[PDB]
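Step one of this worksheet: look at the structure below.
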Amino acid sequence: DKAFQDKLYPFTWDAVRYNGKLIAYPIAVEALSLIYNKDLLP
Amino acid sequence: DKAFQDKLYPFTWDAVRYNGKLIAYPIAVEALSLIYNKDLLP
Amino acid sequence: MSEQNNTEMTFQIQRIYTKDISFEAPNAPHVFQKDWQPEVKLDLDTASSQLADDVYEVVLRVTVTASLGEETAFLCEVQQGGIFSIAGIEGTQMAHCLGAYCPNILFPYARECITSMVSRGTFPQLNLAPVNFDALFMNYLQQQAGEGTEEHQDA
Amino acid sequence: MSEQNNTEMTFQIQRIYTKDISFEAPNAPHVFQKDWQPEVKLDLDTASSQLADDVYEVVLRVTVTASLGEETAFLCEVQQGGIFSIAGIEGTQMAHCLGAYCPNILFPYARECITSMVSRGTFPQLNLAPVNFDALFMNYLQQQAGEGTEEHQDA
Amino acid sequence: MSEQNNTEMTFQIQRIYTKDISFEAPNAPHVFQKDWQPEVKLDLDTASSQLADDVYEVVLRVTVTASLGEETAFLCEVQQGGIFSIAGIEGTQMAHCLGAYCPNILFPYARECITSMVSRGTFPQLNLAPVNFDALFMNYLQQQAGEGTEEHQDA
Amino acid sequence: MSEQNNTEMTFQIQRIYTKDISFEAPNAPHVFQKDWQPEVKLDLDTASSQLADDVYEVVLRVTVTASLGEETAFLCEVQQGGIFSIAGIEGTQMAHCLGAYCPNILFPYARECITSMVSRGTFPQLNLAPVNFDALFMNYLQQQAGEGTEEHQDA
């Protein structure tokens with residue numbers, strides 16, 4: 001029967017149950033130097 | 001105090017002055033209209 | 001186990017926008033004394049709200065914490081909100097839209113915005129891996145078993 | 001060439017990255033003098049690259065030729081690549097997966113990359129509607145009078 | 001009292017970055033309902049802090065409020081902090097170093113860090129007005145009818 | 001304050017925005033088998049175009065090469081544009097403004113746009129340290145005064 005009260009909102013989604021905490025794909029991209037071969041500007 | 005202190009950083013700055021706004025031409029943009037159709041195939 | 005009754009439906013993106021930003025470096029002038037890869041712990045959150053009939057707005061919140069050793073490195077967080085419009089679907093077909101499909105739209109924006117605040121702190125990149133919100137939505141309720149979209153053909 | 005109907009296949013998202021980006025605003029302060037919403041021409045292209053056995057990259061070229069009146073508004077192109085572990089599936093089903101589903105995964109990221117450049121050029125926010133290439137491909141099989149040529153090769 | 005330019009002073013731009021960032025749009029979906037004319041309120045603040053032997057980090061608090069009366073459009077704040085190893089100057093020039101010069105170094109980067117958040121929130125661009133901290137201080141000091149151009153030297 | 005002298009300069013920010021953005025990563029899948037030790041070759045340019053009376057656009061170009069040799073990480077150019085009112089000064093003083101000051105305003109925006117593009121190509125983010133040819137004249141030319149003292153309290 002048409003229960004005109006439920007409507008098109010029977011679920012909210014207020015979680016995102018992400019129990020698999022990571023950083024990225026297993027490969028270390030966190031490595032870069034050779035910035036300013038000289039010193040600072042005085 | 002009432003006798004000798006005098007900070008390395010006092011800075012009176014009792015001369016605060018700046019314009020404020022700089023916007024003049026209010027181009028109607030925000031979110032681009034006329035983009036795509038009302039198709040959106042699933 | 002699926003029972004996801006396929007329909008022609010109608011979807012629309014009204015507006016995508018960053019509602020909120022946080023970037024806290026409490027150890028900002030201390031962070032150069034920390035030489036390793038930062039131990040980063042991400043958190044994924046959603047807060048939804050219905051604006052109107054057929055029109056809802058779900059907010060995808062991504063939190064980031066980082067620390068080297070036993071002491072903080074940097075903190076960052078973004079909230080990508082989006083106004084969306086739906087027709088045709090209902091029940092599980094509706095729950096799947098705001099539960100998976102809409103976080104999939106919002107995630108690239110929330111993701112890259114964190115890494116763009118990383119740029120501002122002058123330290124190595126922190127870009128988030130692609131999270132399967134869809135698979136996660138299934139893992140929330142084990143297996144898809146819903147059914148719906150009934151022919152109420154009256155005249 | 002093979003039909004291939006099996007779900008025991010493997011399919012994982014390894015890494016999304018832009019192999020190419022472009023944004024060209026040729027008359028940038030001139031179209032600013034035009035108070036109107038620019039007409040958006042949507043150009044779409046695809047590519048693919050074998051990186052290993054059962055490991056395939058796919059590029060999605062989302063291109064926006066925007067113009068207001070007789071003159072350009074802003075130009076944009078993002079060749080949004082992404083690697084996928086495609087195992088258990090080859091033939092026409094690979095031509096489907098790598099040519100429809102995998103570009104569909106790249107499309108949220110393509111849109112976002114364009115959105116950001118457009119807001120950096122201070123043009124109105126650009127949100128292209130989500131396009132499922134898979135459903136179009138289903139109908140394509142029964143819509144062949146003859147012929148049939150394609151191209152997928154990128155470094 | 002002028003020609004006493006001795007090699008006492010030592011100043012280096014060690015690091016310029018955001019210690020803290022905030023963008024709050026509590027009326028982010030609600031901005032569609034209001035009129036697009038908020039009041040551009042700019043907030044300025046400067047601090048110094050000795051990290052090491054005559055090494056002080058100067059933080060610039062720029063805050064951009066946009067509210068048409070009570071109805072807030074959005075809020076921006078960027079603590080653009082920079083480490084500066086300064087000494088060898090006293091009094092007027094010392095106060096003018098950390099209070100005028102140093103936040104004026106931070107101000108282009110603070111400006112940008114605000115402007116970029118604003119555009120992500122789907123709000124019109126906000127450009128910070130250049131405040132001549134250095135020139136206005138020396139103006140008011142006694143040079144209210146004075147002019148000091150700089151000799152364009154090669155090296 | 002008798003503002004009869006042009007040392008203040010009538011400068012105004014009309015609009016800041018990227019004209020052009022670009023990113024290239026030919027060896028984008030090669031990053032897995034590429035060692036993260038490329039030498040960052042920075043390159044810079046600035047241009048000017050008079051749009052109207054006292055209205056000068058400045059185009060600050062930044063080009064970042066990142067390569068171990070032929071095994072290249074990426075190439076990334078951002079042509080930042082900015083409409084600026086430059087009044088009160090002329091010729092060689094104006095050449096200092098649009099050649100150093102005005103592109104230094106544009107450089108934070110270009111920097112962040114490049115570093116976002118680095119993250120999009122999923123390379124190691126690196127933020128270029130400030131270089132002020134504009135402020136170098138202020139660093140050179142010492143004023144006169146030095147002795148401050150006297151503050152404490154009025155109450």
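In the structure tokens, each chain is lettered A, B, ... as it comes, each chain's residues begin at 1, and ligands are numbered from 1 in order of appearance.
The two copies, chain A and chain B, share one sequence, and their C-alpha RMSD after a least-squares fit comes to 5.9 Å.
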Both chains have the same sequence, so match all Cα atoms in order, fit chain C onto chain F by least squares, and return it as a compact mmCIF listing (two decimals) with C-alpha atoms, in the first residue's frame.
```txt
# COMPACT_ATOMS: atom_id res chain seq x y z
CA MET C 1 68.69 50.55 6.33
CA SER C 2 64.91 50.59 5.61
CA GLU C 3 63.67 54.17 4.86
CA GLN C 4 60.24 52.72 3.84
CA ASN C 5 57.95 55.71 4.65
CA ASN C 6 54.78 54.18 6.18
CA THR C 7 51.44 55.53 4.87
CA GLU C 8 47.72 54.57 5.21
CA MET C 9 47.63 53.88 1.39
CA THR C 10 44.91 51.92 -0.50
CA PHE C 11 45.30 48.47 -2.16
CA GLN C 12 42.87 46.32 -4.20
CA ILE C 13 42.96 42.94 -6.04
CA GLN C 14 40.80 43.40 -9.20
CA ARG C 15 41.25 39.90 -10.68
CA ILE C 16 43.55 36.82 -10.24
CA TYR C 17 43.77 34.32 -13.16
CA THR C 18 45.92 31.72 -14.92
CA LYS C 19 47.03 33.38 -18.22
CA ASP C 20 49.08 30.45 -19.52
CA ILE C 21 49.85 26.74 -18.90
CA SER C 22 52.45 24.37 -20.36
CA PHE C 23 53.01 20.69 -19.50
CA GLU C 24 55.32 18.80 -21.87
CA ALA C 25 56.21 15.13 -21.36
CA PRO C 26 58.54 14.41 -24.41
CA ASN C 27 59.63 11.19 -22.63
CA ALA C 28 56.00 10.38 -21.59
CA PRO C 29 56.08 6.58 -22.67
CA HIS C 30 59.85 6.44 -21.77
CA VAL C 31 59.51 7.77 -18.15
CA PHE C 32 58.64 4.33 -16.57
CA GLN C 33 62.22 3.16 -17.48
CA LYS C 34 63.51 5.95 -15.12
CA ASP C 35 63.59 4.73 -11.44
CA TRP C 36 65.02 7.39 -9.03
CA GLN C 37 63.87 10.80 -7.67
CA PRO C 38 63.82 13.20 -10.77
CA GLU C 39 66.47 15.94 -10.79
CA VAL C 40 64.15 19.00 -10.79
CA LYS C 41 65.36 22.54 -11.68
CA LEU C 42 62.77 25.35 -11.09
CA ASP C 43 62.93 28.91 -12.53
CA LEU C 44 61.06 32.02 -11.32
CA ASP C 45 60.22 34.87 -13.72
CA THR C 46 58.06 38.01 -13.81
CA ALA C 47 56.67 40.05 -16.73
CA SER C 48 54.76 43.22 -15.72
CA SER C 49 52.53 45.70 -17.61
CA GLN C 50 50.59 48.83 -16.53
CA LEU C 51 46.91 48.56 -17.67
CA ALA C 52 45.93 52.06 -16.48
CA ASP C 53 46.79 54.82 -14.01
CA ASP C 54 47.03 53.30 -10.46
CA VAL C 55 46.22 49.88 -12.15
CA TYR C 56 48.96 47.36 -13.12
CA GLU C 57 49.12 43.65 -13.96
CA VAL C 58 52.19 41.54 -12.99
CA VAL C 59 52.60 37.94 -14.26
CA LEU C 60 54.38 35.41 -12.04
CA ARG C 61 55.89 32.66 -14.25
CA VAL C 62 57.16 29.41 -12.64
CA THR C 63 59.12 27.06 -14.93
CA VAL C 64 59.91 23.41 -14.00
CA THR C 65 62.34 21.01 -15.65
CA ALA C 66 62.96 17.39 -14.58
CA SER C 67 65.19 14.53 -15.71
CA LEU C 68 66.55 11.19 -14.38
CA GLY C 69 70.12 10.23 -15.32
CA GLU C 70 71.07 12.30 -18.42
CA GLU C 71 67.57 12.23 -20.02
CA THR C 72 64.26 14.21 -19.57
CA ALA C 73 61.42 13.03 -17.24
CA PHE C 74 58.73 15.73 -17.48
CA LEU C 75 58.39 19.51 -18.08
CA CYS C 76 55.75 21.87 -16.57
CA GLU C 77 55.15 25.65 -16.33
CA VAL C 78 52.40 28.02 -15.13
CA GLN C 79 51.85 31.79 -15.56
CA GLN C 80 49.68 33.32 -12.81
CA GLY C 81 48.67 36.86 -13.81
CA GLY C 82 46.95 39.34 -11.51
CA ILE C 83 45.36 42.78 -11.96
CA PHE C 84 46.08 44.97 -8.88
CA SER C 85 45.25 48.58 -7.86
CA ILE C 86 47.40 50.94 -5.73
CA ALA C 87 47.05 54.41 -4.10
CA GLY C 88 49.06 56.43 -1.48
CA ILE C 89 52.49 54.73 -2.05
CA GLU C 90 55.28 55.73 -4.52
CA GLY C 91 58.96 55.13 -5.46
CA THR C 92 60.38 52.34 -3.23
CA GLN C 93 56.98 51.80 -1.49
CA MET C 94 55.46 51.19 -5.01
CA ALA C 95 58.46 49.09 -6.24
CA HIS C 96 58.14 46.85 -3.12
CA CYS C 97 54.43 46.16 -3.93
CA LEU C 98 54.86 44.82 -7.54
CA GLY C 99 58.36 43.48 -6.59
CA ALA C 100 57.40 41.30 -3.57
CA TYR C 101 53.80 41.72 -2.27
CA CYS C 102 52.00 40.82 -5.57
CA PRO C 103 54.26 37.67 -6.37
CA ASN C 104 53.38 36.57 -2.73
CA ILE C 105 49.62 36.70 -3.66
CA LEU C 106 50.09 34.85 -6.99
CA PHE C 107 52.58 32.13 -5.84
CA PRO C 108 50.07 29.63 -4.09
CA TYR C 109 48.05 29.49 -7.38
CA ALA C 110 51.11 29.07 -9.72
CA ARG C 111 52.65 26.52 -7.28
CA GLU C 112 49.62 24.19 -6.83
CA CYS C 113 48.73 24.42 -10.59
CA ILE C 114 52.13 22.78 -11.49
CA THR C 115 51.47 19.98 -8.95
CA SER C 116 47.90 19.63 -10.35
CA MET C 117 49.41 18.96 -13.85
CA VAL C 118 51.68 16.36 -12.09
CA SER C 119 48.37 14.58 -11.18
CA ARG C 120 47.57 14.39 -14.91
CA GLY C 121 50.95 12.74 -15.77
CA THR C 122 50.28 9.95 -13.12
CA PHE C 123 53.82 10.38 -11.53
CA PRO C 124 55.06 11.40 -7.89
CA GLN C 125 54.22 14.96 -6.64
CA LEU C 126 56.25 18.06 -7.55
CA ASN C 127 55.12 20.81 -5.12
CA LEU C 128 57.28 23.98 -4.94
CA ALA C 129 58.80 25.26 -1.64
CA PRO C 130 57.64 28.78 -0.35
CA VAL C 131 59.94 31.33 -2.11
CA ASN C 132 60.77 34.53 -0.18
CA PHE C 133 60.16 37.10 -3.01
CA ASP C 134 60.42 39.84 -0.34
CA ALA C 135 63.92 38.78 0.90
CA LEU C 136 64.83 38.23 -2.81
CA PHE C 137 63.67 41.82 -3.65
CA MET C 138 66.10 43.02 -0.92
CA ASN C 139 68.86 40.72 -2.37
CA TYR C 140 68.24 42.32 -5.80
CA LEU C 141 69.26 45.79 -4.45
CA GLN C 142 71.30 44.58 -1.36
CA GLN C 143 69.52 46.69 1.40
CA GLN C 144 66.23 48.69 1.48
CA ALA C 145 67.12 52.44 1.33
CA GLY C 146 64.45 54.42 -0.53
CA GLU C 147 62.31 57.09 1.24
CA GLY C 148 59.33 58.90 -0.39
CA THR C 149 55.62 59.81 0.11
CA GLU C 150 56.01 63.64 0.27
CA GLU C 151 53.38 66.09 1.65
CA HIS C 152 52.55 68.23 -1.44
CA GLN C 153 49.98 70.19 0.66
CA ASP C 154 48.72 72.85 -1.81
CA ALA C 155 45.38 74.73 -1.69
```
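Here atom CA of residue 16 of chain A and atom CA of residue 40 of chain B stand 26.4 Å from one another.
Relative to atom CA of residue 42 of chain B, atom CA of residue 8 of chain A is found at 18.8 Å.
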If you run DSSP on the backbone, which residues of segment 14-127 of chain C are strand (DSSP E or B), as a PyMOL selection string? chain C and resi 14-24+39-52+55-68+71-87
